Structures are given as C-alpha cells and as structure tokens.
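Report on one structure; see the data block that follows.
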Amino acid sequence: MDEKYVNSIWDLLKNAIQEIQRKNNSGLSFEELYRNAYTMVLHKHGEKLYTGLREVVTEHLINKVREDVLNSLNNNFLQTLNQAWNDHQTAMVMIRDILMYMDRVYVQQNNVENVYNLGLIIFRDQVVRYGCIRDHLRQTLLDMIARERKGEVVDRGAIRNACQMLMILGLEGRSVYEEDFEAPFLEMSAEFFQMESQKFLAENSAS
Amino acid sequence: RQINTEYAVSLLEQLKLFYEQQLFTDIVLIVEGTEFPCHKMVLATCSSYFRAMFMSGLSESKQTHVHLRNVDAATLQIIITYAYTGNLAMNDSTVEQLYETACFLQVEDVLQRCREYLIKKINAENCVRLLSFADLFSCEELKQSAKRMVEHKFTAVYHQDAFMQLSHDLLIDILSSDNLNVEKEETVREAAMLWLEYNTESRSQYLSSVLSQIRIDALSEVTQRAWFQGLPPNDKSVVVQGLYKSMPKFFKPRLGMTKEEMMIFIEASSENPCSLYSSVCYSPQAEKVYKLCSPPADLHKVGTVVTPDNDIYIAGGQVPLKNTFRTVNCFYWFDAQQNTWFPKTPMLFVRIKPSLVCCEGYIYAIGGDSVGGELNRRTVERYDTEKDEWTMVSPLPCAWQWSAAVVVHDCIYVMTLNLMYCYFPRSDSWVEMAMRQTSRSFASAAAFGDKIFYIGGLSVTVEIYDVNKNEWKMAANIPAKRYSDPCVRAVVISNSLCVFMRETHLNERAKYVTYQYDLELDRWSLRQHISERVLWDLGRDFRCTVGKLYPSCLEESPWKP
Amino acid sequence: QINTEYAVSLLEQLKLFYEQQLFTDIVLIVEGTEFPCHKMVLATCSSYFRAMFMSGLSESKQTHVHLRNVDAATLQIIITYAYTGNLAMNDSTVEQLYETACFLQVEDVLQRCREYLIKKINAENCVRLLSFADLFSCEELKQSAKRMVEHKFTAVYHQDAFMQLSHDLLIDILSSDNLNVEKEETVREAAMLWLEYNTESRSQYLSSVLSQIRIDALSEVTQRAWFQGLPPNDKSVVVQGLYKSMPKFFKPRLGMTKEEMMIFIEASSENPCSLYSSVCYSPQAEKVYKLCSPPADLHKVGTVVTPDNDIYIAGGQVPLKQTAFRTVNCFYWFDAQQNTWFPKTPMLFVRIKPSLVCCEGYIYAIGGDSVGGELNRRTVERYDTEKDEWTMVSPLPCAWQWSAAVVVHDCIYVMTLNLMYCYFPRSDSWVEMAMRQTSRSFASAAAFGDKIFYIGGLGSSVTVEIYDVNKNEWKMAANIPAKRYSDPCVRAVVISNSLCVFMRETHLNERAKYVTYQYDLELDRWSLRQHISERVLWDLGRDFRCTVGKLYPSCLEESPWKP
C-alpha cells in the first residue's frame with residue numbers, strides 16, 4: 001500500500017520492540033506483532049525492516065548497556081556484564097521469534113545471517129570488543145585468575161558463565177573466544193609457570 | 001528410539017480422540033467467531049509460529065482465549081486436523097489459501113507438501129497466477145518452476161488476464177530473461193505494449209524501464225509513435241530519456257528464434273554398452289546429429305507424440321526387472337531447455353509400445369498391449385493436457401497388433417493390416433472406413449496435409465488415402481536396391497512430404513538417405529544423402545518424429561566419422 | 001597422383017649423374033674438399049641454396065663457392081640425402097647434423113633429426129640436449145628437454161654440463177613448478193654450487209636466482225656462505241640481500257607431493273562402454289584416483305617400478321582389427337606428470353603377461369608366453385635404460401608358465417609352481433635354489449628386505465611360504481585369517497617399510513569386499529592395518545595387477561563414480 005501505512009506499521013513495531021527491551025513485555029501483543037510482520041514482509045519491504053531492526057538494536061545497546069558497563073567497571077563489573085548478557089538473550093528470544101518468522105525468507109533468499117546471529121554480532125562489536133571494555137575485561141579476568149592461582153579461593157562459577165558467554169558470542173565456533181581469552185591468558189600462564197619453575201629449581205631438589 | 005509399532009500409532013489415535021471429545025484442552029483459537037479448542041503441545045510440535053505464540057513471555061502465553069485473525073477458518077481446521085492425524089487431503093482449489101495460512105504459521109511440513117503440490121500442478125493457466133504467488137509467498141522452487149513454465153507458454157499466449165497484474169520486478173525478470181520461447185521479436189514488444197496500455201500514466205517510469213528492457217530491435221519499430229499518441233501532456237524530459245534507448249544496452253540475438261525443425265529419434269545403437277539404447281536427433285538443415293537424454297535411462301519400448309505446440313511426450317514402455325522386462329505405465333515430458341524429463345500423471349494400464357495421437361489438445365493413446373487379458377481386448381485411453389487426467393473413451397472395434405494411428409482434419413485415424421476406423425471426438429464413436437486391398441503389417445503412417453501415406457509393410461508399398469475422397473490408391477515404388485530390407489519412415493518436413501529410409505544388404509553397411517517426394521510426380525527425388533561421417537547406425541526398433549528443438553540446450557553426439 | 005615409377009627413375013638417374021659427374025656446374029669448396037653437385041637438387045632440398053643461386057648476388061654466376069663454417073662429412077651426408085633420400089643417422093654425428101641443417105635451412109633433415117633427438121633423450125645427455133635446444137631454435141625439443149631435465153636432474157643434479165648453462169635457461173628450470181624433488185633443499189644446494197662455479201661472473205645473477213627460490217631457505221643457512229664468497233668490500237650485495245627477501249612468499253612445490261600408492265591396471269571398466277581401465281588406491285588419502293588407459297587398451301601386460309620410481313609397460317596384446325586378439329611386443333613408459341604413456345623401444349619378441357623386474361638399472365622381462373616356442377621357449381631379455389635397447393640374457397633352464405619374479409640381493413629370483421632359479425646378472429648364469437613342498441601357481445610375491453614372501457597360490461588360498469636368501473630354505477609362517485567359504489584374491493606388496501597384503505574377498509551371494517592387512521614379520525601374524533570402505537573403491541575384477549609406486553595427486557584427477 002502507501003508508504004504512510006508501512007511507515008506507521010514500522011513505527012509501532014519499533015515502539016513495541018523498545019518496550020520489550022525495557023523489561024516491560026508483560027503486555028506484548030504477540031498476535032498483533034506477528035500480523036504486522038506478515039503484512040510488512042509480504043509487501044517485499046524486508047530490507048527496510050532489517051535495517052531498522054539493526055539500527056534500533058545497536059542504538060539500544062549503545063545507549064543502555066555500553067553506559068551501564070562503563071558506569072560499573074569496578075563494582076561487580078563481571079556480574080553486571082553477565083546480567084546484561086542474560087537480559088539481552090531473554091529479549092532476543094522473542095525478538096528472534098518474530099524476526100525469525102521474517103528470517104525464514106530473508107536469511108534464505110537475501111542470503112544473510114539470521115536475526116539471532118545479527119544480535120550476537122552487534123553485541124560482540126558494541127560491548128565485548130569495545131575500545132575500553134575489552135581491555136578492562138581482559139585485565140580483570142587475568143587478575144582474578146592469577147589471584148586464584150596464588151592460593152586464595154575466589155568465585156568460579158562466574159568465570160564459567162563468562163567463558164560460556166564468550167563461546168556463544170563466537171557464533172560459529174571457537175574463533176573469537178579462543179583468541180580473546182587464551183592469548184593473554186596463555187602469555188600470563190607462560191610467565192607465571194616460568195617464574196614458578198625458576199623458583200622451584202633453586203628452592204628444592206629432584207625429590 | 002522411536003518405536004512405531006505400538007506407541008506411535010496408539011498415541012496419535014488417542015490424541016485425535018481427545019481432540020474429538022474436547023478433553024485436556026487448555027487453548028482455544030478464535031477465528032472470526034469460530035472456536036477451535038485444541039492443545040498447545042500439538043501446535044508447538046507442528047507449527048513453528050504457534051510454538052512461540054504460546055511460549056514467548058507476554059500476555060498471549062497466559063491467555064485461555066486468543067483472537068487469531070487474518071486466517072481462514074477452513075484452512076486452520078484442516079491444518080489442525082493434519083497436525084492431529086498426519087493426513088492433509090488437499091484439494092485443487094483451496095491450495096493458495098492453505099499455503100498462505102501455512103506460511104503465516106511457518107508449518108514446514110505442510111508448507112513443503114503444498115509446495116510440491118503446486119510445483120506439480122503448473123499445467124496451462126495458473127502459471128502466471130502461481131508465479132505471482134511464488135513471489136508474494138517466498139518460494140524459490142516455485143519461483144523457478146513458474147518462471148520456466150511462463151517462459152515456455154506465455155511466449156505463445158501473452159494474453160492472460162492475470163498477467164496484466166504483475167509487479168515490476170517479476171515482469172523485468174520475465175522480459176529480460178533469455179528463455180523467451182518466441183520465434184519473432186515483435187510479439188514480446190506488443191505484449192509489453194499491451195501491458196503498458198491498460199495501465200498508463202501510473203507506471204510511466206516502469207513504462208520507460210520496460211521500454212529499455214525490450215531493447216532497440218523492437219524499440220525502433222512503432223513504440224515512439226504509439227507513445228506520442230499516448231503520452232501525458234507537458235512531458236519533455238520523458239522524450240529525452242526515451243530517445244536515449246537507441247544506441248546502448250548490448251543488442252543481442254534471443255534464444256527462441258532457434259526453433260529448428262528437426263527429427264527426434266529413440267532407441268538408437270548406443271556406443272556406450274551401459275545403455276541398451278539411446279535417443280538422438282538429426283538436423284535436416286544444419287546436417288548435424290544431436291543427442292538427447294533417455295527419460296528413464298533404463299526403460300525402453302516407448303512411444304512418441306508431438307503436439308502442434310511442439311511438445312514431446314513419452315508413455316508406456318518396459319524395463320528389465322534387474323533381479324539380483326517388466327512393463328511400467330509411467331509418463332514423461334521433455335524439457336525444451338533443461339534437457340531433462342519431468343514425469344507426469346501415470347497411465348492406468350501398463351502398455352507396450354503405445355501409439356499416442358494428439359487431437360483437439362488431447363493426447364490419445366491407441367492400443368499397445370493395454371493389459372492383454374481384457375474382457376474387451378480392443379480398448380483405448382486418452383489424456384487431458386489441461387486437467388492432467390486420463391479419461392476412458394469408446395473402445396476399439398477390432399483388436400489389432402503392430403498398428404499405426406495418425407490425426408487428420410481434427411479426427412482420429414488408426415491403421416491396421418487392412419482395416420481403418422475413424423474415431424469422432426465429438427460423439428466418441430468409431431465409424432467404418434475404407435479397407436486396403438493389401439494386407440501389410442509392421443508399418444507406420446504419416447499425416448501429411450489431408451492425405452494419409454501408409455508406407456511399408458510385410459516393403460515398399462505406397463498406399464495413399466484421402467479423407468475427402470475415402471479411397472486407397474497406389475502411386476509408385478520407392479527406388480531401393482534389391483536383395484535388401486528397407487526400413488521406411490514417413491514424416492512431414494518443412495510442409496513437404498519426405499521419407500527417411502535405410503537399406504541393408506548381405507555383407508554390406510547400412511546407408512541413410514532422405515528423398516523428396518512429389519504429389520503429382522509420384523517420384524522420390526534425391527533430396528539429401530545422410531553421410532556416415534556424422535550419423536552412425538541406428539538399429540531396427542528406432543522411431544522417428546518431427547519436432548523443433550534448441551541446439552544450445554542440447555549437445556552434439558560425439559562419434560568418429 | 002604423380003607417377004611414382006617415373007619419380008624414382010628420375011631420382012636414380014640424377015644420383016647416377018651425381019656419382020658420374022656429368023652435368024655438375026657448381027662445386028662446393030669446403031676446407032679444401034671438392035663437392036661437385038647441381039643447383040636444382042640443392043635448391044629443392046635446402047632453403048639456403050635457393051637464396052644462394054636465385055638471388056642475383058656475386059655467387060649467381062660464380063662456379064666456385066667457398067662454403068665456410070661447415071663440416072665435410074655433414075655436407076656429404078646432406079648432399080647424398082638430397083640425391084637419394086637416404087638419411088643414415090648414427091648416435092654421434094646428430095649434433096653436427098642438426099647444426100648444418102639449421103645453417104642450410106633444410107626442413108626435411110631438420111625434422112628427421114628432431115625426431116631422432118626426441119627419441120634419443122635420456123638421463124646422461126639431458127642437460128646437453130637442453131643446451132643444444134636453447135642454442136638452436138627447437139620448441140618441441142626445448143619442451144621435451146624441459147620435462148626430462150627437470151625430472152632426471154632433480155633426481156640426480158650432478159651433471160658436469162649443468163655448470164655451463166645460460167642464466168635464462170637456469171631461471172626457467174629452477175622457477176618451474178615441474179621439478180621432482182623430495183625436499184626443497186636439494187635445489188637450494190644445486191643453485192649454490194652452480195653459483196659458486198664462478199665468483200664475479202655469477203654475482204649479477206645471484207640477485208635473480210634467489211628470486212625464484214622460496215624464502216624458507218633465503219633467511220636460513222647458505223646466506224653467510226655467499227658472504228664468504230662475496231667479492232671484497234662489495235656493499236651492494238650484502239645489504240641488498242639483507243632487506244630483499246620481503247616478497248616471494250613461500251609456496252610448496254610439486255615434487256614434494258609423492259605418496260606411496262598402489263597402482264592398479266586392467267581394472268573393471270566402470271562404464272560398460274570400455275573393456276578395462278586403470279585405477280589407483282591411496283593408502284593415505286583414502287580415495288581412488290583414476291589413471292590413464294593403457295596404450296591402445298594394451299591388455300595382459302606387466303608392470304615394474306624401478307628404485308628411481310619409474311613405471312614401465314612391456315608385452316601385451318591388442319584386439320586385431322567374438323574373440324580377436326593379436327600380441328604385440330610394444331614397450332611404453334608412463335609419465336608421472338603428463339598422465340600419458342610415452343612409447344619407447346619395442347622388444348624383440350611378443351609376450352603375454354610378462355614379469356617385469358628391475359635390477360642394476362636393467363628391466364628384466366622373464367617369460368610371458370613368447371611367440372617362438374622353440375627349444376629355448378624360456379628365453380629372457382633385459383632392457384638398457386641408458387642406450388635404449390634390449391639385450392638377451394642367459395636362458396632359464398626350465399620352461400615355466402604362470403610364474404612370478406622378484407629382485408633380492410642384486411639378483412633375479414623367478415618362482416614357479418615348485419621350482420626356483422636365481423640368475424646372477426654378472427656371471428650370466430642360473431643356480432638351483434630350494435624346492436617348495438607345495439604345488440601352487442597363479443600367485444604373486446613381494447620382495448621385502450632380504451626375504452621372498454610367496455603369498456597364495458593354487459581360486460587362491462591363504463598359504464604363505466617364506467623364503468630366506470641367506471638361509472636358502474622355504475618355511476611356513478601362518479595362514480591369513482579370512483572368512484570361510486570365500487575366494488580371496490591375494491596381492492603381495494611392500495609399503496611403509498612393511499609387508500602388507502591387498503586381499504579382496506567375496507562371499508556367497510555377496511559382493512566383493514576390499515581390505516588390507518599388515519603382516520607382523522616378527523610375530524608371524526596379519527594385523528588389520530586399514531579397512532577399505534566400498535563407498536570409494538568398486539569392483540576391479542580378477543586379472544588385475546598391483547604394484548608399489550609414488551604418484552602426484554595434483555596431476556591426476558579423482559575418478560567420478562558412484563560408491
């Protein structure tokens with residue numbers, strides 16, 4: 001139909017998506033949203049819907065979670081990161097349901113990644129691989145693992161949650177997580193074990 | 001492990017019974033006031049969208065009554081019953097709405113079933129309609145199949161009412177494609193024009209786009225004057241943009257112009273012993289021998305027929321049982337561009353070497369060892385090229401073997417040893433015709449003009465029959481070397497009666513040569529001698545038929561001179 | 001057509017005139033030797049004399065021409081060929097023959113000597129022939145020299161003529177992707193020794209020769225050695241090569257792509273169009289690569305793989321132009337890269353299923369159902385890989401049929417149903433060996449180390465009789481555990497420095513199954529090394545042969561066939 005109708009449909013869909021992302025999904029009309037997506041993709045305007053979804057998701061991420069992580073980089077930084085990841089996943093569940101009904105045509109014909117993969121990629125680009133968040137996360141994980149190796153006990157399930165989050169963020173396998181985690185961790189372990197062996201060869205014997 | 005013997009059938013039947021009795025239901029679908037009580041588990045396992053609808057953390061998940069709109073009641077009911085029993089039982093009319101409702105709910109299994117049903121039912125008329133649907137409801141298989149069917153048939157019709165209402169992208173894809181089955185370049189031009197005359201001043205930019213698409217070869221004929229007659233007033237830059245489409249954009253020849261009249265042969269001497277027989281072609285003008293892919297690749301003893309629209313069909317045949325020759329009633333059709341064979345509706349009786357005759361757009365299979373043990377051994381069965389079904393007709397008067405049948409003046413004529421019967425399609429009855437004075441079998445006849453030319457039999461018997469005169473007469477004897485067994489083949493070539501015969505002697509090689517025959521001269525003038533450097537031996541059970549093919553799609557048969 | 005009788009009469013009369021010196025008007029003066037001849041014959045044969053006489057120069061009317069830079073014998077043979085059409089070509093004067101043919105621009109003799117040299121190309125004259133083809137234009141000779149030089153020289157790299165080669169020729173040789181080397185370091189040291197042949201005559205080419213070798217050896221050793229041989233105070237080469245090896249990223253060559261594979265011949269033709277075909281199994285790649293068909297579908301042939309990893313075909317029969325087969329003594333050589341069979345010097349007698357065995361560089365074909373059948377129906381003959389000729393050897397004392405032969409301890413060991421004779425290629429004599437206690441035939445034997453392993457015999461069975469050369473005795477080891485009520489097809493071969501067996505078994509009302517076993521030499525037991533899945537390998541037949549060799553997967557192509 002006319003551009004005004006599709007523009008209004010997209011505007012209301014964007015408002016509903018933003019409301020869902022704001023932890024206010026209690027009154028989400030699934031039937032209405034599914035019908036608007038049907039009448040939107042039916043008229044061969046999937047490119048505009050995909051671009052708008054990407055723009056809305058990246059704007060929401062940069063506005064909310066990029067500020068939240070940087071505001072709490074020292075007070076439960078990893079806990080806040082895990083909470084933000086869980087919230088993003090639980091919103092992207094329904095987001096991916098609707099836009100995966102859409103994706104059955106977009107991911108296939110347009111030959112692009114699915115909306116779940118799109119959300120994972122944009123999260124990786126805007127939060128984990130940020131110019132400041134990445135180095136801070138690396139430094140804090142190295143510090144806590146070194147302190148654990150020193151002898152004192154720290155939280156361990158949290159590190160498992162972070163590693164699982166990075167593995168899921170890989171989205172294809174162990175390409176991003178392996179590098180980002182192991183390589184600084186590999187260097188830290190190398191230096192730590194070299195120093196430990198140097199101390200042990202002089203402070204003890206072969207017995 | 002999924003044990004299918006006890007639990008699966010019992011569980012499915014008990015779920016269906018619970019659905020019937022309205023037991024253990026917790027969700028009810030409201031469809032324009034109609035209530036459909038059902039279960040969430042079956043909807044989740046069948047539909048991908050219904051799963052999320054009753055799971056996504058929202059108000060719809062905890063909602064006993066859900067008001068689902070934009071769905072038909074009958075389609076939702078049939079989807080629910082298919083989910084509860086596994087049987088679809090789809091008709092031929094409600095396929096479009098069923099596919100639309102299945103696409104909205106993303107029910108993959110029924111979506112695939114409907115896709116297969118639609119791709120199998122692009123017969124003659126819904127091609128453009130289902131192509132528009134293949135676009136709207138994303139379906140690549142359907143899109144490609146409908147595109148090929150359109151390129152094959154719309155290029156001969158180009159007047160369908162549904163074709164007018166098409167989106168710009170689909171029309172551009174259709175017109176810009178090099179698969180247009182048109183022997184002339186003006187028909188596509190006038191088709192585009194009439195597509196741009198009923199809707200003008202609304203699609204003027206798309207008018208310019210289609211004008212560029214049709215390209216200079218048809219742009220330089222009349223389009224300028226017609227547009228001047230039909231242009232909106234006070235339009236100047238449109239003239240500038242229209243004048244630009246004269247020089248550029250790579251004027252190239254099309255593909256539909258290559259409809260060379262050739263000869264389709266079956267059951268040839270296969271160089272590869274793997275195949276017992278092969279199907280090849282000969283070019284009267286290009287003097288080349290082309291090859292074709294075997295339809296079943298293992299079954300032989302098939303019959304050929306060519307419709308006036310230049311279509312190739314294969315019916316019946318026998319295939320070896322391959323235990324560690326059984327007869328199959330399968331049907332096939334030859335693709336003029338893909339060089340493959342798409343099967344069609346099979347026959348009802350397993351015939352051996354059926355004789356297929358086309359008349360009034362219907363394919364008539366006459367004789368050919370139906371079942372052999374019939375109470376009425378002399379029967380026939382025809383085909384519907386539009387409805388895609390087999391309809392029983394009036395049976396044969398007398399039972400005959402090794403017979404031939406042709407069509408003349410929209411009437412069915414079947415020839416046997418000495419008798420001939422004319423079948424009236426309008427009244428579905430057989431009328432007695434003239435009887436030949438010579439008893440000859442193992443021969444075929446050709447329908448050239450208004451005269452039937454029964455050639456050969458056991459020889460060189462030339463018995464000419466005329467429908468308007470209803471009499472049999474002799475003309476002459478074909479000049480052939482003695483101490484030989486000629487294999488005669490009569491067929492129409494370029495609106496001129498000609499023959500294709502091969503002579504074989506003792507300790508001698510076969511020779512292929514076609515002669516030009518004249519009606520008033522009663523002589524077979526030497527038209528062309530087929531050189532053995534291009535064509536090799538064919539055999540004894542080979543068949544010949546006239547048809548137009550594409551050289552680019554087909555491949556030349558490699559053989560050492 | 002032109003009357004051949006008058007043509008030959010005219011030619012013989014002209015040759016009589018030449019011998020008798022009647023109508024000679026022009027005399028060729030070469031190093032004081034008189035060559036009375038005619039102008040018509042010279043013009044018809046050579047393309048230089050037609051421009052020497054019918055040109056209008058000072059030699060048009062002069063009756064004495066001093067032809068310089070030529071040889072008397074070469075000119076005489078060229079003249080006698082022009083006068084009678086007989087070209088006697090030996091193995092020594094072909095070089096000067098080609099030189100004088102190029103100088104005189106005679107197409108017929110040029111083509112004849114080009115064919116003779118294309119037949120004569122071998123290992124010991126490969127570099128010389130390549131240099132000759134670089135000096136005088138000869139694309140065909142240049143390409144054949146390129147291939148043969150690459151293979152044999154990268155195998156040998158010790159020819160004295162290799163030092164005296166042009167820079168462009170060496171650049172073409174080294175930078176080519178057809179070199180056959182097990183490692184990339186032998187070419188490096190060959191280039192180093194060629195460069196060190198001179199000191200300042202190779203400095204300018206040093207920057208170019210290193211530009212064709214991979215940088216994997218352009219930063220390791222053999223860079224300070226060049227600095228040792230550097231001219232004094234030369235600061236334009238050390239710092240040059242210091243910062244030069246940025247480009248030319250290391251790319252693996254083609255010679256390092258040889259794998260131990262089982263070559264099969266006369267396999268069951270996948271499609272029924274052909275009679276038989278040749279395939280190969282990959283013990284490492286676990287695939288079946290197709291092989292070129294035998295020359296003119298040469299069936300009933302024998303295979304041999306020299307220690308230099310070369311494949312040869314001898315004997316066989318071709319269907320004469322329903323049963324129809326004629327036996328031909330044609331010989332062929334397989335190109336490991338071009339995937340084609342190059343014809344070679346044929347044998348003297350035709351053979352059916354010959355036993356080709358290599359020893360001391362000679363190819364020995366023992367028996368093979370010879371055509372003669374005289375009192376010496378057991379005559380064997382060796383082949384010279386250096387002179388490209390066949391030489392008869394001491395005949396086998398006893399006539400044997402369906403026999404196999406192997407080479408152990410620089411000696412030929414031919415085995416029959418129960419007897420064995422060892423041939424010494426030096427004294428050219430046969431010595432009686434140990435006698436087997438079982439009468440078995442239609443089997444194959446593999447030479448592993450200093451022991452002979454006669455596997456199978458009669459279908460075949462799982463009987464194994466191990467023979468020791470040092471001990472001279474036949475002893476049993478074990479029987480191969482196979483499924484009962486079957487007919488295994490045993491094939492003895494040596495692979496991975498171990499004795500493995502290629503045994504195809506067929507059960508009742510079942511298809512053939514392919515599986516290989518590794519025989520434990522010390523434990524006397526056949527262990528399952530690998531099981532050949534039927535999804536890649538189909539039926540091969542019964543009269544197929546197997547041999548141990550190396551082939552390049554890149555040059556060959558995978559056979560498209562359904563599992």
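Quick note on naming: the chains in the structure tokens go A, B, ... in the order shown, residues restart at 1 in each chain, and ligands are numbered from 1 in order of appearance.
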
| request: Could the residues of chain B within 6 Å of chain A, counting only C-alpha atoms, be given as a list in words, please? | output: residues 56, 58, 59 and 136 of chain B

Pull out every residue of chain B that has at least one atom within 8 Å of chain C, counting only C-alpha atoms, and report them as a PDB file with N, CA and C atoms, in the first residue's frame.
ATOM      1  N   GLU B 271      26.597 -46.303 -28.338  1.00  0.00           N
ATOM      2  CA  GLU B 271      28.062 -46.560 -28.329  1.00  0.00           C
ATOM      3  C   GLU B 271      28.419 -47.101 -26.942  1.00  0.00           C
ATOM      4  N   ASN B 272      27.905 -46.461 -25.887  1.00  0.00           N
ATOM      5  CA  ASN B 272      28.127 -46.973 -24.509  1.00  0.00           C
ATOM      6  C   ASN B 272      27.258 -48.220 -24.320  1.00  0.00           C
ATOM      7  N   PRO B 273      27.845 -49.433 -24.202  1.00  0.00           N
ATOM      8  CA  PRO B 273      27.030 -50.629 -23.960  1.00  0.00           C
ATOM      9  C   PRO B 273      26.259 -50.554 -22.633  1.00  0.00           C
ATOM     10  N   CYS B 274      26.691 -49.691 -21.706  1.00  0.00           N
ATOM     11  CA  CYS B 274      25.954 -49.499 -20.426  1.00  0.00           C
ATOM     12  C   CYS B 274      24.469 -49.297 -20.740  1.00  0.00           C
TER      13      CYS B 274
END

| query | Hey, what's within 12 Å of region 516-526 of chain B if we count only C-alpha atoms and toss same-chain stuff fewer than 4 positions away? As a PyMOL selection string, please? | reply | chain B and resi 448-451+453+462-464+473-480+490-501+530

| query | Counting only C-alpha atoms, what is within 8 Å of residue 276 (chain B), bar same-chain residues fewer than 5 positions away, as a PyMOL selection string? | reply | chain B and resi 269-270+298

Kindly save the residues from that selection, with N, CA, C and O atoms included, as a PDB file, in the first residue's frame.
ATOM      1  N   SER B 269      21.476 -47.185 -31.639  1.00  0.00           N
ATOM      2  CA  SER B 269      22.586 -48.063 -31.282  1.00  0.00           C
ATOM      3  C   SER B 269      23.521 -47.325 -30.333  1.00  0.00           C
ATOM      4  O   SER B 269      24.236 -46.404 -30.742  1.00  0.00           O
ATOM      5  N   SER B 270      23.458 -47.678 -29.045  1.00  0.00           N
ATOM      6  CA  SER B 270      24.250 -46.940 -28.026  1.00  0.00           C
ATOM      7  C   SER B 270      25.734 -47.299 -28.112  1.00  0.00           C
ATOM      8  O   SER B 270      26.058 -48.493 -27.964  1.00  0.00           O
ATOM      9  N   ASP B 298      16.708 -46.327 -18.138  1.00  0.00           N
ATOM     10  CA  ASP B 298      16.738 -47.788 -18.137  1.00  0.00           C
ATOM     11  C   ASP B 298      15.568 -48.443 -18.857  1.00  0.00           C
ATOM     12  O   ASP B 298      15.693 -49.609 -19.245  1.00  0.00           O
TER      13      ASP B 298
END

| task | Identify, on the basis of only C-alpha atoms, every residue whose closest approach to residue 393 (chain C) does not exceed 8 Å; exclude the query and any residue fewer than 6 positions from it along the same chain; express the result as a ChimeraX atom specification. | result | /C:379-382,428

| said: Just list as a list in words whatever in region 221-291 of chain C DSSP marks as alpha helix (DSSP H). | reply: residues 224, 225, 226, 227, 228, 238, 239, 240, 241 and 242 of chain C

| said: Residues near residue 301 (chain C), anyone? I mean within 8 Å using only C-alpha atoms, not counting same-chain ones fewer than 5 positions away, as an NGL selection string. | reply: :C and (313-317 or 352-354)

Keeping only N, CA and C atoms, take the residues you just selected and write them out as a PDB file, in the first residue's frame.
ATOM      1  N   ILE C 313      55.787 -50.452 -19.066  1.00  0.00           N
ATOM      2  CA  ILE C 313      54.850 -51.454 -19.562  1.00  0.00           C
ATOM      3  C   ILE C 313      55.505 -52.187 -20.725  1.00  0.00           C
ATOM      4  N   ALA C 314      55.491 -53.517 -20.677  1.00  0.00           N
ATOM      5  CA  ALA C 314      56.076 -54.344 -21.722  1.00  0.00           C
ATOM      6  C   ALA C 314      55.106 -55.450 -22.108  1.00  0.00           C
ATOM      7  N   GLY C 315      55.252 -55.933 -23.340  1.00  0.00           N
ATOM      8  CA  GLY C 315      54.418 -57.013 -23.818  1.00  0.00           C
ATOM      9  C   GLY C 315      52.970 -56.582 -24.002  1.00  0.00           C
ATOM     10  N   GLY C 316      52.088 -57.569 -23.945  1.00  0.00           N
ATOM     11  CA  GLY C 316      50.662 -57.351 -24.064  1.00  0.00           C
ATOM     12  C   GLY C 316      50.148 -57.667 -25.458  1.00  0.00           C
ATOM     13  N   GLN C 317      48.822 -57.659 -25.566  1.00  0.00           N
ATOM     14  CA  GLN C 317      48.140 -57.942 -26.819  1.00  0.00           C
ATOM     15  C   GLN C 317      47.073 -56.887 -27.073  1.00  0.00           C
ATOM     16  N   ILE C 352      52.918 -62.327 -23.409  1.00  0.00           N
ATOM     17  CA  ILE C 352      51.611 -62.287 -22.760  1.00  0.00           C
ATOM     18  C   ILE C 352      51.836 -62.439 -21.263  1.00  0.00           C
ATOM     19  N   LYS C 353      51.412 -61.435 -20.493  1.00  0.00           N
ATOM     20  CA  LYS C 353      51.620 -61.378 -19.048  1.00  0.00           C
ATOM     21  C   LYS C 353      53.094 -61.544 -18.697  1.00  0.00           C
ATOM     22  N   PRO C 354      53.951 -60.588 -19.051  1.00  0.00           N
ATOM     23  CA  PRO C 354      55.373 -60.708 -18.722  1.00  0.00           C
ATOM     24  C   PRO C 354      55.686 -60.223 -17.315  1.00  0.00           C
TER      25      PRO C 354
END

| field | Contact residues around region 70-77 of chain A with only C-alpha atoms at 10 Å, ignoring same-chain residues under 2 positions, as a PyMOL selection string | value | chain A and resi 65-68+79-83+127+132-133+136-137+140
